[PDB]
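Chemist:
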Amino acid sequence: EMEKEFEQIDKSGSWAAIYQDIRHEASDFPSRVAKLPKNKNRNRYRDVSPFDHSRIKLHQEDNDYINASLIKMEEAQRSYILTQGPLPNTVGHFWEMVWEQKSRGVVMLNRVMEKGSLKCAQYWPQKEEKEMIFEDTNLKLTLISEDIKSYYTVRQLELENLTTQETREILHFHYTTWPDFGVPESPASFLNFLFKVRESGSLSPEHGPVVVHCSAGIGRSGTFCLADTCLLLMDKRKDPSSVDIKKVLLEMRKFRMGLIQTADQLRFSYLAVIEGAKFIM
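According to our numbering, the sequence shown is numbered sequentially starting from 7.
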């Protein structure tokens, strides 16, 4: 059981060691499309690339590339799209992907500015009366409502395909309190946030996969998917303690490199799953 494994690693201070074993066992697949010269300005970080096999393709004949990966967890019946925070030049691609994949929710785990630098373009409207038009992808985006809470903000957005005049409601879940350095001290507000996304229906199989991002789409974004999938598997299985976090992480790393960036994020993921299991048992 992971609670006992937690105390062991913690008491022995072995987190950096566990973390390095995961690094060494992780899959390595080609990412040829990401490294094409015509795609250099579509990537926020030169060392964070989607694998070719799991990359999301845009349905535009010109250049189909976005820094985004489909993570398919077969046993849990959960999919996720993990992507980077959009760049000024990819905001239109981001919303085209949301449209084409029939996503119902966007989960944002970063602030637009952290450590005095921009981690993400402002890709949604700040006021009802000031909608955004993406000329490159023929989409209009309107803020419908915004509910600001202590630890997160939920926004209802309307996305309109200007080509067909179809409209969809998108939910934007913005976790606003992840600290600039390290991880939250307690997983309570992160779990509350994760249950709010679940309650919305955004993670349900009647919709396209949820879009999850931070700045690179690997660290905080990884912690989100890892916790959700692990808690779902504990509901589904005859023996809940058959769930090995490390194995689940390695299965997710077949789909996108580098998920969980630090030994601290790994420790936090254990704590979130352990604490979340109490609200699920």
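Virtual Cβ for every residue (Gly too), placed ideally from N, Cα, C.
#1: Just to confirm, are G111 and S221 a CB contact at a threshold of 8 Å?
#2: If distances are taken between C-alpha atoms only, which option among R84, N198 and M258 comes closest to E212?
#3: Taking the straight line between their C-alpha atoms, what separation do you get for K46 and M114?
#4: Indicate whether the contact test is met: 3 or more Cβ pairs, each with one atom in the segment 70-86 and one in the segment 26-44, closer than 8 Å.
#5: Kindly indicate which three-state DSSP category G228 falls into: helix, strand or coil?
#6: Would you mind stating whether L64 and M103 have Cβ atoms separated by less than 8 Å?
#7: How far does the alpha helix (DSSP H) with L272 in it extend, from its first residue to its last?
#8: Please report the residue range of the alpha helix (DSSP H) in which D153 lies.
#9: Please specify which runs of the alpha helix (DSSP H), each continuous and at least 4 residues long, are wholly inside the segment 24-71, giving them in chain order.
#10: Please name the residue, chosen from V160, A82, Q132 and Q66, that lies closest to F100 on a Cα-to-Cα basis.
#11: Can the beta-carbon of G225 be found closer than 8 Å to that of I266?
#12: Under DSSP, the beta strand (DSSP E) around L163 begins and ends at which residues?
#13: In three-state DSSP terms, what is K260?
#14: Quick one: complete beta strand (DSSP E) runs, 3+ long, within the segment 180-231?
#15: If you measure between the beta carbons of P131 and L147, is that distance less than 8 Å?
#16: Write down the C-beta distance between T182 and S195 rounded to the nearest angstrom, noting that I regard them as a contact closer than 8 Å.
#17: Please state if the CB of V279 and the CB of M8 are separated by a distance shorter than 8 Å.
#18: With DSSP run on the structure shown, which of helix, strand or coil describes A22?
#19: Where do the N-terminal and C-terminal ends of the beta strand (DSSP E) with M138 fall, by residue?
#20: Measuring CB to CB, does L88 end up less than 8 Å from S247?
#21: Looking at C-alpha atoms only, which residue of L149, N198, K10 and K17 is the closest neighbour of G282?
#22: Note down the Cα distance separating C236 from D153, rounded to an integer number of angstroms.
#23: Between which two residues does the alpha helix (DSSP H) harbouring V97 extend?
#24: So, is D241 buried or exposed, given that buried needs 16 or more other C-beta atoms within 10 angstroms?
#25: Run through the DSSP bridge pairs and tell me what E134 is partnered with.
#26: If you draw a straight line from the C-alpha of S192 to the C-alpha of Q107, how long is it?
#27: Under the rule that 16 or more other beta-carbon atoms within 10 Å means buried, what is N116, buried or exposed?
Modeler: Taking the structure as given:
#1: No, they are not a contact pair.
#2: Checked all of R84, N198 and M258; the closest Cα to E212 is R84.
#3: One C-alpha to the other measures close to 23 Å.
#4: When C-beta atoms of the segment 70-86 are compared with those of the segment 26-44, three or more pairs fall below 8 Å, so the two segments count as touching.
#5: Correct three-state label for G228: helix.
#6: In this structure, the beta-carbon distance from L64 to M103 falls below 8 Å.
#7: Where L272 is concerned, the enclosing alpha helix (DSSP H) stretches over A269 to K284.
#8: Where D153 is concerned, there is no enclosing alpha helix (DSSP H), although the beta strand (DSSP E) it sits in stretches over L145 to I154.
#9: Entirely contained in the segment 24-71, the alpha helix (DSSP H) runs reaching 4 residues are, in chain order, 38-41.
#10: Closest option to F100, Cα to Cα, is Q66.
#11: Going by C-beta atoms, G225 is nearer than 8 Å to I266.
#12: Start and end: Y158 to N167.
#13: If DSSP states are grouped into helix, strand and coil, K260 belongs with coil.
#14: Those beta strand (DSSP E) runs which fall completely within the segment 180-231 and span 3+ residues are 216-219.
#15: Against a cut-off of 8 Å, the Cβ pair of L147 and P131 comes out as a contact.
#16: With 8 Å as the limit, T182 and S195 do not qualify as a contact, their Cβ atoms being about 10 Å apart.
#17: Yes, Cβ-Cβ distance for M8 and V279 is below 8 Å.
#18: Looking at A22 - three-state DSSP - the assignment turns out to be helix.
#19: Counting along the chain, the beta strand (DSSP E) containing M138 begins and ends at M138 to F140.
#20: No, Cβ-Cβ distance for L88 and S247 is not below 8 Å.
#21: In terms of Cα proximity to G282, the closest of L149, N198, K10 and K17 is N198.
#22: So the two alpha carbons sit approximately 29 Å from each other.
#23: From DSSP, the alpha helix (DSSP H) with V97 extends over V97 to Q107.
#24: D241 is exposed by the Cβ-count criterion.
#25: In the DSSP assignment, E134 forms no beta bridge with any residue.
#26: A direct Cα-to-Cα measurement between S192 and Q107 gives close to 34 Å.
#27: Buried, since its Cβ has 16 or more Cβ neighbours within 10 Å.
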